[PDB]
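Computed from the coordinates by the stated procedures, all read-outs in this text should not be read as laboratory data. Cβ coordinates were reconstructed from backbone atoms using ideal geometry, including for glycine residues, and neighbour counts include every protein chain displayed.
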Amino acid sequence: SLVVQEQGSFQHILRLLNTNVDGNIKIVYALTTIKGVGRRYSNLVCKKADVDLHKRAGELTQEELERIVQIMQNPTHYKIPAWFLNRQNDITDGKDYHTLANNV
Amino acid sequence: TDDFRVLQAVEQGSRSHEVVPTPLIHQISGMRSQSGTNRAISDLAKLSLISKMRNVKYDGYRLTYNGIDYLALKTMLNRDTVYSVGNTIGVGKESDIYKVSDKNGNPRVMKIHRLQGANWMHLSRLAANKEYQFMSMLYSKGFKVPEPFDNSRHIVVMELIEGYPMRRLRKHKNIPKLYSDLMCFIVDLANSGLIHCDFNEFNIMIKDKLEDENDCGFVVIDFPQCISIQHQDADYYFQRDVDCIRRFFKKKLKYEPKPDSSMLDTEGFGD
Amino acid sequence: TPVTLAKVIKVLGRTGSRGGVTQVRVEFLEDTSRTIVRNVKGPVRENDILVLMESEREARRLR
Amino acid sequence: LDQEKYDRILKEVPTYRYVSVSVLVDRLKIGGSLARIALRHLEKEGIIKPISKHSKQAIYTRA
Amino acid sequence: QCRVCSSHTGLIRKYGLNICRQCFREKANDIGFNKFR
RNA sequence: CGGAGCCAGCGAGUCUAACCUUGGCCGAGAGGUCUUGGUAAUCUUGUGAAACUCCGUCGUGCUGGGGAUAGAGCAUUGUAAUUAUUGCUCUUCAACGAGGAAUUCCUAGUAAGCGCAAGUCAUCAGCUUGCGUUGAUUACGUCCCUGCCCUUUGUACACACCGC
């Protein structure tokens with residue numbers, strides 16, 4: 001494609017949800033680094049956030065990190081239904097949880 | 001005492017001729033009547049301790065692997081050894097390894113050798129004697145190695161050692177001293193005049209005493225691979241030992257040598 | 001490097017311990033007057049061409 | 001870091017008589033993914049000339 | 001389950017005929033599967 | 001990995017029962033609903049299998065290889081699924097960087113890779129058998145090892161002495 005070149009402006013290692021993320025992989029496979037989040041989960045989250053996933057995680061603005069975190073604490077409000085989450089139909093609360101990385 | 005003595009007598013009625021007929025086992029025993037000899041031979045044959053070869057006009061008795069070890073047990077009743085038999089850990093090629101126990105209750109290792117009529121037995125005997133003498137040479141030189149108890153004509157009974165192989169050992173803290181150890185020990189091998197070509201991961205056995213005093217040792221079992229330095233191909237054998245240590249410490253322990261390793265030309269000024 | 005060019009003229013049979021090597025009678029290609037006996041590892045039919053290095057070496061038998 | 005990786009492609013590709021997928025990652029500046037983006041971009045510019053194209057390896061030539 | 005002569009050892013359980021491989025080769029010359037090749 | 005192309009054959013199928021199922025709607029799927037065809041070279045079936053072909057994503061990093069282990073729920077057969085029968089969804093991502101002493105099988109569509117079908121089948125295979133797709137290397141020599149025999153005949157010391 002078109003070689004879109006950036007004069008610096010990317011950070012090597014970002015940190016999100018209290019966990020270090022390498023800002024050089026694709027954003028799916030850079031957010032796969034944290035616990036409780038796999039390939040298809042980060043993929044569907046960034047498709048609901050409309051993130052270009054052929055772009056690396058160094059070329060990602062923190063506003064999209066805020067969007068990804070908003071889908072983290074709101075998966076069921078952003079049209080990602082109950083089959084896709086970690087703890088569906090709990091016994092303690094009866095709800096559907098997606099247990100995050102450092103909150104296990 | 002008496003039945004074991006007569007079974008020792010027919011053991012000694014084997015080193016006279018080839019495949020032994022019936023009246024020689026009658027008369028070498030020198031017992032009273034037809035009863036003891038014939039019912040003993042039938043007890044042998046029903047327990048497969050003896051076999052019948054009937055070559056024309058000629059009865060004969062064929063000893064298999066079964067009816068020997070009792071005498072070895074009797075030979076080891078003489079030498080204070082094993083009372084209880086049987087726990088399978090390892091069925092090797094030229095030996096079958098069992099875990100046994102004495103009257104004292106300590107577990108030991110019983111390597112029976114199966115390498116018929118005389119030659120299977122006798123070559124198992126030569127193998128056991130050769131390995132016992134090699135163990136004696138290693139312990140006399142001072143190599144850390146299991147201590148031999150006895151070599152009951154073709155069955156070697158030795159100690160048990162609390163070790164596990166290095167393939168399941170992730171690393172230790174003192175990796176460069178372990179590399180200097182596994183270099184200097186092959187140096188000591190070349191200073192013995194020998195090269196153990198199978199110096200692999202499954203050979204080297206580590207006993208683990210503590211985590212503070214660090215007073216431990218090693219166990220090296222490479223017996224049908226040790227080759228004298230005078231032979232045709234010992235150069236790359238030594239180099240395979242050195243380089244298997246180095247490639248394991250690069251692959252597993254992620255350690256590269258800062259001092260250069262010894263060559264065969266380095267160790268030619270040794271022994 | 002002397003590249004000896006050779007000609008298979010007469011096969012002698014199958015030798016070697018494993019029964020793999022072949023004794024081959026050789027017409028030397030550059031000079032017809034040399035007839036050598038050589039040892040060949042591999043399939044050879046009559047009137048084939050070999051590439052030896054020494055015309056002067058001859059080995060009696062093998063085991 | 002845009003003006004001190006990108007133009008070395010424009011110096012090296014006219015130097016190299018043979019430009020393919022993994023004889024252009026070898027300069028140790030770039031990844032193996034964006035290298036093919038630079039390949040197609042030099043196709044569009046014209047320094048890279050297509051010889052043959054496959055989905056795993058693509059052969060080109062300098063201009 | 002052998003429903004013919006109580007001969008569970010080696011039932012041929014295919015197609016419900018349920019004959020043991022001993023008695024199947026007893027009755028092999030009644031069905032027609034015989035030796036050709 | 002993500003799309004696309006979509007190539008076979010051996011089988012096998014229901015009665016006094018619930019077999020093989022085409023198609024249509026619902027469900028992310030598992031699956032469910034409604035029927036229809038076939039007792040069979042007819043329907044399932046042209047079994048649109050897998051490996052394969054092409055194009056994009058990846059970029060050598062225990063990696064986007066691996067999928068062991070574990071959590072959560074949802075469905076199917078079974079009276080009964082707990083030590084989970086099994087299927088589906090997300091997550092947790094372990095040893096394992098071509099493997100020792102030693103070991104097995106093999107000469108053309110054979111090996112090897114691949115899946116499918118039939119019996120085990122109430123549910124699943126990593127069990128067994130046949131089928132088809134792609135399709136090497138290298139012998140066509142040997143008794144040198146491993147043995148297996150086939151023989152030839154030096155012979156029984158026809159059982160001798162002893163030291164013991």
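A few remarks follow.
- Straight-distance candidates among the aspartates and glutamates for linking to B:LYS251, with alpha-carbon spacing under 16 Å and chain neighbours fewer than 8 residues away dropped: B:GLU201, B:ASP241, B:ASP243.
- Per-residue 3J(HN,Hα) values for region B:92-109, derived from phi via the Karplus relation 6.51 cos²θ - 1.76 cosθ + 1.60 with θ = phi - 60°, read x, 5, 9, 7, 10, 9, 10, 9, 10, 8, 8, 5, 6, x, 7, x, 10, 10 Hz in sequence order (x marks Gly and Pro).
- Distance-filtered residues of region C:36-52 - backbone nitrogen under 18 Å, label point 7 angstrom along C:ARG18 Cα→Cβ: C:39-44
- Evaluated at q = 0.12 Å⁻¹: base-10 log I(q)/I(0), Debye formula over Cα of the protein assembly as shown: -1.12
- Applying D = kT/(6 pi eta Rh) to chain D, where Rh is the Kirkwood radius over alpha-carbon pairs, T corresponds to 37 °C and eta to 0.692 mPa s, the Stokes-Einstein value obtained is 283 µm²/s.
- Reachable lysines from B:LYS254, criterion Cα separation under 28 angstrom, eight or more residues apart if same chain: A:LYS35, B:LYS144, B:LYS171, B:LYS173, B:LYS177, B:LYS207, B:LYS209, D:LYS29
- Sites matching GluC sites (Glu not before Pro) across chain C that sit in DSSP coil, with at most 12 neighbouring C-beta atoms within 10 Å: C:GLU30, C:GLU46, C:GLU54, C:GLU56, C:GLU58
- Rg to Rh quotient for region B:68-159, alpha carbon positions, Kirkwood Rh: 0.96
- Packing-based exposure ordering (other Cβ within 10 Å, fewest first) of B:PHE238, B:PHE248, B:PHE223: B:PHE223, B:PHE248, B:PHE238
- Over all projection directions, the Cα-based convex hull of chain A averages an area of 7.1 nm².
- Spin-label pair D:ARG17-A:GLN62: with each label point 7 Å from Cα along the Cα-Cβ axis, the two points sit 5.3 nm from one another.
- Listed by chain and number, the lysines placed with their C-alpha closer than 18 angstrom to that of B:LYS74 are B:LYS103, B:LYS111; residues fewer than eight positions away on the same chain are left out.
- Estimated FRET transfer efficiency (E:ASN34, E:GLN1; beta-carbon r; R0 30 Å; 0.05): 0.65
- When the helices of chain B are scored as -39500 (n - 2.57) per DSSP H run of n ≥ 4 and the total is divided over every residue, the value at 222 nm lands at -12000 deg cm²/dmol.
- B:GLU159-B:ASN214 pseudo-label distance in nm [points 7 Å out on the Cα-to-Cβ vector]: 2.4 nm
- The order of A:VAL45, A:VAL51, D:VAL25, going from fewest to most other C-beta atoms within 10 Å of their C-beta, is D:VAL25, A:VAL51, A:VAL45.
- Under the Debye formula (equal points on every Cα, no solvent term), log10 I(q)/I(0) of chain C at q = 0.11, 0.12, 0.15, 0.25 Å⁻¹: -0.22, -0.27, -0.42, -1.08
- Charge tally in the Cβ shell below 9 Å around B:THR75, where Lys, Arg are +1 and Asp, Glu are -1, B:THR75 excluded: +2
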